[PDB]
Amino acid sequence: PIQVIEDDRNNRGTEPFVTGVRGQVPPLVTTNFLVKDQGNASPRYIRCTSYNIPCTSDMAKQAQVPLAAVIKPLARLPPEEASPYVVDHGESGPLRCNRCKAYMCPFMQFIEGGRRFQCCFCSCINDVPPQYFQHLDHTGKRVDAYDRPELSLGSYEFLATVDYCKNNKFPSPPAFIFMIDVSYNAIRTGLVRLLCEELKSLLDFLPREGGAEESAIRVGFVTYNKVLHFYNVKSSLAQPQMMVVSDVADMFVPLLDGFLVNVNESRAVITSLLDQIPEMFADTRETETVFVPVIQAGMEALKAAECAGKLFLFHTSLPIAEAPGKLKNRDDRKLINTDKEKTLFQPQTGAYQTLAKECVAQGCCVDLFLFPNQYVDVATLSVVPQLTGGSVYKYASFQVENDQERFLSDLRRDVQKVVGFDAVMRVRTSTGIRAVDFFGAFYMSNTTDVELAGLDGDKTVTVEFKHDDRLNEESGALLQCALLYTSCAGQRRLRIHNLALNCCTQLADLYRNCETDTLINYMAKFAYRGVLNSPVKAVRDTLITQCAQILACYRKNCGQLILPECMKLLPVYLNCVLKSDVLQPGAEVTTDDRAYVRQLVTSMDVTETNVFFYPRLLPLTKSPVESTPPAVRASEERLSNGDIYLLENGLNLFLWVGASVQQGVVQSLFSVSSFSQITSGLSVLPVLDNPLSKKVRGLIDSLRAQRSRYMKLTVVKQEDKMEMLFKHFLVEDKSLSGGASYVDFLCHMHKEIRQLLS
Ligand SMILES: [Zn+2]
């Protein structure tokens, strides 16, 4: 299993995946492939747990297989894959179903000489405006192509009319506000200096759109400790002017129309400001800081400017300054295996959710960079980022000497990201099913609108659907995700993703077309949310049962272990989820760590959750065939004492060195002559001019290139220390936290399915 599974697909799907077939199961996430649209949404935008949906609710209940979709609206595409075409229908905007409001797509059935079309989602009959399509041919675009995006491709965009904007008025360009903690803790490590210096260069790479040479995103700057410092950087100043706001609680942040400026025009003053900030706070002794007020100020600033935007916070410590949102050092580890453990993943106060809502109403997305030395209550501090569609980064015990690269890498990528603003997503389906649950980083007021203050190409929204009525095996089950958003240039657009699935009446067709990784992605996210309101033990029980039942049901619908072919890895992956820190934390696992990873997994795509739960293990030494490495099962049992291995879970990279490793290898890789001299915990390989060093360093570069976040490297020597913590990534083995081992987990699952049928 695992190793061979990914290799089977790897050999049976290296050609292009063309999305022209209805419920076609895409290649495995562990397989490299090229996608050619042609009708269905590419798997990079949407992946389902099931590609051949049961036609009725009774049939579905017979299998107990959750029907879910993991959606990534603005997924970043490989260079070779075409981005969505933008269709401009002028003032009338895109044609939509008069009843269910689904947008014109490749599935709409035209009838009666094309004067009308039957809606594929609800079957309502709709008139076709006489100039609807001809309009596309009279804009300054080339018209030689036969196909029209909205009628032939799974994914495309529409320019939106004013009817799709707040106050029936087109939006203005969004803005970025950098908010820096200049308390003693932040200044002493050199973080402030590092950040200010980088910004001098980074602000020139703000997101740009259609050939725009200059970004239209204006910037604002704010520093803070227990008070906030707003800076005026109007282009006609040679020096930045500071306006302090000491009144926290009652706030009040005045205009100061020198806030939010074009980076090119204020280049000199901005540069001066970034030279000043570190100097100005150099001798500070302030240790207490605020948090909520910072987010309130930045958000209020965007509101005053009547534009949406993002706030980038750089925080170092538990906010214990007297002020709205003040927190306590509640990290109580005796609360863990109890009925009140959920309290550690919940925010301390309700001021956060309340503030998150205000942000969403204003199209304000917040990104949080944490650099903690002690408990800082990540769970609570990441509430606004999460409900706002933002991201959270953590650098425990931050130190320039060890984290400059990783942090600068994350920062640069985060600021340069393609991003959407003040957005909303809705998923329409063919009559018979409807979206019933949503998971991810977002906000929901009602039961249908997935509100996204901010959005980028790494975040995913997972949707669960349940039967409403009956589906036809001939009509299939259609899905249409519609994203309404404002771009980095201030343009309002809609992005549509259509995915057509099959409908089946024979249970055997349901079992042949499920996708395990996607199921795991769903199940994991379901469990990770459950931890907020249920004892961990119950959440784990629920997870085990979901899997036990689908397996038992398969047994009675269709002794030895029996599983459909496409679910041969469900058991193994299920054991990995149960053994993750969020559900079975080791003795050294921190509460902030759990909260942090929990938030991360809630927004992960199927690719990330696959490698997060089942890390990739690559043997390095012995087969030096230049170009031609194949991964190994995650077990200490596959670890040879005379070899070296690289392991990655999408967040951390480990280089494991066997104690019996060859001397030449150690020389060529670490530049020391014996295994004993290798530095335990080394986080950067020296640059040595030899084939083995070049190859390993390159491998590290290409692995880092395929993960959204910069993975820290840790060299692990075989005998002592960090060796034990590394054990946790050999997921098929027994863990000290009372993990089971795959084999024993199977035996147990086998008996669990027995108790359901006995
Ligand atoms: Zn309709």
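Values in this text are rule-based calculations from the coordinates and carry no lab data. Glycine gets a Cβ as well: all are built from the backbone with ideal geometry, and neighbour counts include every protein chain shown.
Could you calculate the FRET efficiency of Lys200 with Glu322 from 1/(1 + (r/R0)^6), where r is the beta carbon distance between them and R0 is 41 Å, rounded to 0.05? Given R0 = 41 Å and the Cβ-Cβ separation, E is 0.75.
Full extension of the chain segment joining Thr14 with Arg99 gains 26.4 nm, where the gain is 0.36 nm per residue of separation less the Cα-Cα distance.
Between region 195-244 and region 407-459, the C-alpha centres lie 27 angstrom from each other. Subtracting the Cα-Cα distance of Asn557 and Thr542 from 0.36 nm times their residue separation leaves 3.2 nm of extension gain.
Sparsely packed loop sites in region 1-63 (the chymotrypsin sites (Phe, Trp or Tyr not before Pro) outside DSSP H, G, I, E and B with at most 10 other Cβ atoms within 10 Å) do not occur. Packing around the peptides 677-685, 93-101, 179-187, taken as the average count of other Cβ atoms within 10 Å per residue, puts them in this order, highest first: 179-187, 93-101, 677-685.
Straightening the chain between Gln276 and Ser409 buys 45.5 nm, computed as 0.36 nm per residue apart minus the Cα-Cα spacing.
For region 101-176, a simple Cβ point-charge model (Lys and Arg +1, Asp and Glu -1, everything else neutral) yields a dipole of about 240 debye relative to the Cα centre.
Counted by Cβ distance under 14 Å from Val392, the other residues give a net charge of -2, where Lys and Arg count +1 and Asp and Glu count -1. Hey, how many Å between the Cα centroid of region 566-619 and the Cα centroid of region 711-758? One Cα centre to the other: 12 Å. Annotation for region 289-356: trypsin sites (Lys or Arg not before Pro) lying in DSSP loop with at most 15 further Cβ atoms inside 10 Å of their Cβ are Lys328, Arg330, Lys340. Phi-derived couplings, Karplus 6.51 cos²θ - 1.76 cosθ + 1.60 at θ = phi - 60°, listed residue by residue for region 654-668: 10, 10, 9, 10, x, 4, 8, 3, 5, 4, x, 4, 5, 5, 5 Hz, with x used for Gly and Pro. Under 5 Å from the amide H of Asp456 lie the amide H atoms of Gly420, each residue being 5 or more positions distant or on a separate chain, with H modelled from the backbone and absent for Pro and chain starts. Taken one residue at a time, the phi angles of region 257-264 give Karplus couplings (6.51, -1.76, 1.60, θ = phi - 60°) of 4, x, 9, 6, 9, 6, 4, 5 Hz. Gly and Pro are set to x.
Charge tally for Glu464 (other residues, Cβ to Cβ under 12 Å; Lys, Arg +1; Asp, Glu -1): +3.
Each of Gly420, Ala323, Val450 was scored by the projection of its Cα onto the charge dipole of the chain, and the greatest displacement toward the positive side belongs to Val450; charges sit on the C-beta of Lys, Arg, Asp and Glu.
Pairs of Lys residues in region 615-733, spaced 8 or more positions apart or belonging to different chains, with C-alpha separations under 23 angstrom: 11 in total. Since only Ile700, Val606, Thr591 are under comparison, the one whose Cα sits farthest along the positive direction of the charge dipole of region 568-719, derived from C-beta charges on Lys, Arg, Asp and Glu, is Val606.
Local charge for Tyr156 was computed over the other residues whose Cβ lies under 13 Å away, with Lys and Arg +1 and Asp and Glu -1, and equals -2. Placing unit charges on C-beta atoms (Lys and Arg positive, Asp and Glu negative, everything else neutral), compute the dipole magnitude of region 173-417 about its Cα centre in debye, rounded to 20. Charge dipole, region 173-417, about its Cα centre: 500 debye, nearest 20. Treating r as the C-beta distance of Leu688 and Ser397 and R0 as 22 Å, the FRET efficiency rounds to 0.15. For the chain, a simple Cβ point-charge model (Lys and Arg +1, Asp and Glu -1, everything else neutral) yields a dipole of about 1220 debye relative to the Cα centre. Taken over region 173-417, the alpha-carbon convex hull comes to 128 cubic angstrom per residue. Since only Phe230, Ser382, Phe345 are under comparison, the one whose Cα sits farthest along the positive direction of the charge dipole of the chain, derived from C-beta charges on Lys, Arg, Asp and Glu, is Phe345.
Packing order of peptides 514-523, 219-228, highest average first: 514-523, 219-228 (average count of other Cβ atoms within 10 Å over each peptide's residues). When both region 319-373 and region 521-538 are represented by their alpha-carbon centers, they are found 19 Å apart. In order along region 541-554, the Karplus-derived 3J(HN,Hα) couplings, from 6.51 cos²θ - 1.76 cosθ + 1.60 at θ = phi - 60°, round to 4, 4, 5, 4, 5, 3, 5, 5, 5, 4, 6, 5, 4, 4 Hz, and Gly and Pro are given as x.
Give me the tail of P(r) for the chain as a percent: Cα-Cα pairs with distance above 41 Å. Roughly 35 percent, once rounded to a whole number. A cut-off of 5 Å between modelled amide H atoms, ignoring neighbours fewer than 5 places along the same chain, links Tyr85 with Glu157. Restriction of the chymotrypsin sites (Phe, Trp or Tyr not before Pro) in region 96-161 to DSSP coil positions whose beta-carbon has at most 13 other beta-carbons within 10 angstrom yields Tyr146.
Adding -39500 (n - 2.57) for every DSSP H run of four residues or longer, then dividing by how many residues the chain holds, sets the calculated 222 nm ellipticity at -8500 deg cm²/dmol. Amide H contacts under 5 Å for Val263: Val219, restricted to partners 5 or more places along the chain or on a different chain, H placed in the peptide plane at 1.01 Å from N.
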